[PDB]
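Containing mmCIF, C-alpha atoms: final05.cif.
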```cif
data_coords
#
loop_
_atom_site.label_atom_id
_atom_site.label_comp_id
_atom_site.auth_asym_id
_atom_site.auth_seq_id
_atom_site.Cartn_x
_atom_site.Cartn_y
_atom_site.Cartn_z
CA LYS A 5 -43.18 9.44 -52.44
CA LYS A 6 -46.20 8.64 -54.82
CA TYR A 7 -46.26 12.16 -56.41
CA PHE A 8 -43.42 14.41 -57.68
CA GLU A 9 -44.07 17.89 -56.43
CA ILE A 10 -43.34 21.39 -57.72
CA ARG A 11 -44.10 24.76 -56.08
CA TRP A 12 -44.06 27.92 -58.13
CA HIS A 13 -43.56 31.48 -56.96
CA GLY A 14 -44.48 34.42 -59.11
CA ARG A 15 -46.59 37.58 -58.97
CA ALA A 16 -50.12 37.95 -60.35
CA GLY A 17 -49.64 38.43 -64.13
CA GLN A 18 -46.41 36.49 -64.68
CA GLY A 19 -48.16 33.24 -65.61
CA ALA A 20 -47.31 30.78 -62.82
CA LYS A 21 -50.92 29.53 -62.81
CA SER A 22 -51.05 28.93 -66.58
CA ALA A 23 -47.59 27.30 -66.66
CA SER A 24 -48.61 25.10 -63.78
CA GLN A 25 -51.83 24.19 -65.63
CA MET A 26 -49.97 23.40 -68.83
CA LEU A 27 -47.52 21.13 -67.15
CA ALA A 28 -50.42 19.33 -65.45
CA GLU A 29 -52.27 19.15 -68.78
CA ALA A 30 -49.15 17.64 -70.39
CA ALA A 31 -48.83 14.90 -67.75
CA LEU A 32 -52.60 14.21 -68.02
CA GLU A 33 -52.31 13.39 -71.73
CA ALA A 34 -49.41 11.10 -70.81
CA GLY A 35 -51.75 9.08 -68.55
CA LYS A 36 -50.33 10.41 -65.28
CA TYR A 37 -52.26 11.28 -62.10
CA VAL A 38 -52.09 15.05 -61.66
CA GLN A 39 -53.14 17.95 -59.54
CA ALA A 40 -52.54 21.66 -59.99
CA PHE A 41 -54.02 24.74 -58.40
CA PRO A 42 -53.06 28.27 -57.39
CA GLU A 43 -53.10 30.09 -54.03
CA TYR A 44 -53.61 33.90 -54.09
CA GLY A 45 -54.07 36.68 -51.49
CA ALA A 46 -54.57 39.62 -53.84
CA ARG A 48 -53.66 43.59 -56.53
CA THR A 49 -52.09 42.79 -59.90
CA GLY A 50 -48.43 42.05 -59.11
CA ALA A 51 -49.34 40.54 -55.73
CA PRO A 52 -47.08 37.54 -54.87
CA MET A 53 -48.74 34.17 -55.32
CA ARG A 54 -47.97 30.42 -55.57
CA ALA A 55 -49.09 27.61 -57.90
CA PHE A 56 -48.46 23.87 -57.30
CA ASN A 57 -48.16 20.65 -59.28
CA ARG A 58 -48.32 17.09 -58.08
CA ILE A 59 -47.59 14.57 -60.79
CA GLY A 60 -47.81 10.84 -59.87
CA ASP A 61 -44.65 8.91 -60.48
CA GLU A 62 -45.97 5.34 -60.15
CA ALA A 69 -50.76 23.19 -50.12
CA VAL A 70 -47.23 21.89 -51.06
CA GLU A 71 -45.14 22.11 -47.89
CA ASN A 72 -42.40 19.72 -49.14
CA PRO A 73 -41.68 20.29 -52.81
CA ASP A 74 -39.16 18.42 -54.93
CA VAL A 75 -38.61 21.63 -56.92
CA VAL A 76 -39.20 25.32 -56.24
CA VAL A 77 -39.57 27.56 -59.26
CA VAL A 78 -39.20 31.31 -58.84
CA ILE A 79 -40.20 33.17 -61.96
CA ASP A 80 -39.49 36.62 -60.44
CA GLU A 81 -36.01 37.00 -58.82
CA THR A 82 -37.46 39.72 -56.70
CA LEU A 83 -39.36 37.18 -54.62
CA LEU A 84 -36.19 35.28 -53.59
CA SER A 85 -35.97 34.87 -49.79
CA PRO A 86 -35.34 32.02 -47.34
CA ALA A 87 -39.13 31.61 -46.83
CA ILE A 88 -39.43 30.76 -50.54
CA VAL A 89 -37.26 27.67 -49.99
CA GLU A 90 -39.16 26.20 -47.02
CA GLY A 91 -39.63 22.43 -47.29
CA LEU A 92 -37.11 22.12 -50.13
CA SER A 93 -34.85 19.15 -49.54
CA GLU A 94 -31.15 19.24 -50.24
CA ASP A 95 -31.50 16.72 -53.12
CA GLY A 96 -34.18 19.08 -54.58
CA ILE A 97 -33.92 21.91 -57.16
CA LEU A 98 -34.30 25.63 -56.98
CA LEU A 99 -35.04 26.92 -60.48
CA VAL A 100 -34.96 30.73 -61.03
CA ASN A 101 -35.63 33.27 -63.79
CA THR A 102 -32.65 35.46 -63.31
CA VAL A 103 -29.72 37.01 -65.06
CA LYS A 104 -27.65 36.64 -61.86
CA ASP A 105 -25.50 33.66 -60.69
CA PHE A 106 -25.76 30.72 -58.32
CA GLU A 107 -23.90 32.59 -55.57
CA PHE A 108 -26.41 35.47 -55.63
CA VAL A 109 -29.34 33.05 -55.40
CA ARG A 110 -27.59 31.16 -52.59
CA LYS A 111 -27.14 34.40 -50.63
CA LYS A 112 -30.77 35.46 -51.03
CA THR A 113 -32.24 32.07 -50.07
CA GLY A 114 -29.65 30.12 -48.07
CA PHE A 115 -30.24 27.11 -50.28
CA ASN A 116 -27.34 24.68 -50.56
CA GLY A 117 -28.56 22.20 -53.19
CA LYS A 118 -28.84 22.29 -56.96
CA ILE A 119 -29.70 25.80 -58.16
CA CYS A 120 -30.62 26.21 -61.83
CA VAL A 121 -30.98 29.66 -63.48
CA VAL A 122 -32.07 30.89 -66.91
CA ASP A 123 -32.90 34.35 -68.34
CA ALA A 124 -36.45 33.42 -69.27
CA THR A 125 -37.67 37.02 -69.54
CA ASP A 126 -35.22 37.75 -72.33
CA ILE A 127 -35.81 34.46 -74.11
CA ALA A 128 -39.51 35.45 -74.24
CA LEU A 129 -38.86 39.02 -75.35
CA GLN A 130 -36.86 37.55 -78.21
CA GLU A 131 -39.20 34.78 -79.19
CA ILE A 132 -42.76 35.78 -78.28
CA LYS A 133 -42.07 39.53 -78.01
CA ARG A 134 -43.30 39.66 -74.41
CA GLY A 135 -41.44 39.59 -71.12
CA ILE A 136 -43.73 36.94 -69.61
CA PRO A 137 -41.22 34.23 -68.49
CA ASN A 138 -43.49 31.29 -67.93
CA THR A 139 -42.91 29.26 -71.13
CA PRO A 140 -39.14 29.29 -71.01
CA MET A 141 -39.38 28.47 -67.29
CA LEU A 142 -41.47 25.45 -68.23
CA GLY A 143 -38.86 24.35 -70.73
CA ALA A 144 -36.13 24.86 -68.14
CA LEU A 145 -38.22 22.79 -65.73
CA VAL A 146 -38.64 19.93 -68.12
CA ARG A 147 -34.94 20.05 -68.82
CA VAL A 148 -33.77 19.93 -65.14
CA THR A 149 -36.35 17.45 -63.83
CA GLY A 150 -37.29 15.31 -66.85
CA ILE A 151 -40.83 15.27 -65.36
CA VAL A 152 -42.41 14.96 -68.82
CA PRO A 153 -41.07 14.94 -72.39
CA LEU A 154 -40.73 18.34 -74.04
CA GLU A 155 -42.92 17.15 -76.97
CA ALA A 156 -45.85 16.80 -74.49
CA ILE A 157 -45.71 20.52 -73.68
CA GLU A 158 -45.30 21.37 -77.29
CA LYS A 159 -48.43 19.32 -78.13
CA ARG A 160 -50.15 21.39 -75.44
CA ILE A 161 -48.81 24.64 -76.91
CA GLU A 162 -50.33 23.48 -80.24
CA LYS A 163 -53.76 22.92 -78.60
CA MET A 164 -53.97 26.25 -76.69
CA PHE A 165 -53.66 28.24 -79.96
CA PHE A 169 -54.11 31.48 -83.96
CA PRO A 170 -51.62 31.35 -86.83
CA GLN A 171 -48.75 28.85 -86.76
CA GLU A 172 -46.28 31.70 -86.56
CA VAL A 173 -47.38 32.50 -83.01
CA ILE A 174 -47.51 28.80 -82.10
CA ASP A 175 -43.98 28.25 -83.37
CA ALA A 176 -42.71 31.30 -81.51
CA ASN A 177 -44.06 29.88 -78.27
CA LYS A 178 -42.48 26.48 -78.97
CA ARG A 179 -39.15 28.17 -79.60
CA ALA A 180 -39.52 29.97 -76.28
CA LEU A 181 -40.07 26.59 -74.59
CA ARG A 182 -37.12 24.98 -76.42
CA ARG A 183 -34.73 27.84 -75.67
CA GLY A 184 -35.51 27.67 -71.90
CA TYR A 185 -34.93 23.88 -72.19
CA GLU A 186 -31.57 24.40 -73.94
CA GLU A 187 -30.25 27.39 -72.03
CA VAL A 188 -30.91 26.66 -68.36
CA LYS A 189 -27.61 26.27 -66.41
CA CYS A 190 -27.03 24.31 -63.22
CA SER A 191 -25.00 24.49 -60.01
CA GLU A 192 -24.32 20.72 -60.04
#
```

Let me see the file written as structure tokens.
Amino acid sequence: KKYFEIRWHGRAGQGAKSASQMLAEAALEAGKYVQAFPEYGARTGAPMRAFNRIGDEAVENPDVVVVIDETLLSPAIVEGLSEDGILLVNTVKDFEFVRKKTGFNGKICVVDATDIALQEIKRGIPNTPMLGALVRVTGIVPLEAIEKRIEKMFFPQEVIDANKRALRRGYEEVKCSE
């Protein structure tokens, strides 16, 4: 109840750990209590998890599950996710497909983060648009806080702006089940 919780699923290389860090770093600058760490068992491309706990005045019961590689979708990936919780996915497919793969009745949000990134940052790493999508569907922090963080992690402004556009476009384009 004291912490809002998010559990990420991606494969080594897709940036779940960095995205997780960045979100945490954003909430930290806002004066929030935060925790964030990864959990591996790895090759490069090995499935992994990252976690965030962000105070709101091993994550077995997350408020949101974020799957940045559709390939990892399975009913195990949705363990502990309440019905009033969110399943957020990087996918070009639809809610029905995601529902079939997981068995999650509950809000399912999807966005083609890979393609947003190929367009904006010229890389198929989906983590920044997934962050923007996350901020959009949960409101867990303001988008400006992540942008401020994008500013601090970088480099010429061009590359900074491209990354901020990638965040904004995931924020704008995510679509929801309910």

Take the PyMOL selection byres ((chain A and resi 176) around 12), apply it to the structure above, and return the hits as a PyMOL selection string.
chain A and resi 127-134+139-140+158+161-162+165+169-175+177-183

Measuring between all atoms listed in the file, which one of A:154, A:55, A:164, A:40 shows the shortest distance to residue A:11?
A:55

Residues matched by the PyMOL selection byres ((chain A and resi 80) around 12), written as an NGL selection string
:A and (12-20 or 50-54 or 77-79 or 81-85 or 88 or 99-104 or 109 or 121-125 or 135-138 or 141)

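Look at residue A:29: the protein and nucleic acid residues within 9 Å of it, using all atoms listed in the file and passing over chain neighbours fewer than 3 places away, are residues 24, 25, 26, 32, 33, 34, 38, 156, 157 and 160 of chain A.
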
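Counting from atom CA of residue A:87, the distance to atom CA of residue A:150 is 25.9 Å.
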
Counting all atoms listed in the file, the residue of A:186, A:155, A:74, A:192 that sits nearest residue A:10
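Result for the nearest residue to residue A:10: A:74.
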
Taking (-34.2, 20.0, -70.1) as a centre in this file's frame and 9 Å as the limit, can you find every polymer residue with an atom that close, using all atoms listed in the file, and give them as a VMD selection string?
chain A and resid 143 to 150 153 to 154 182 184 to 188
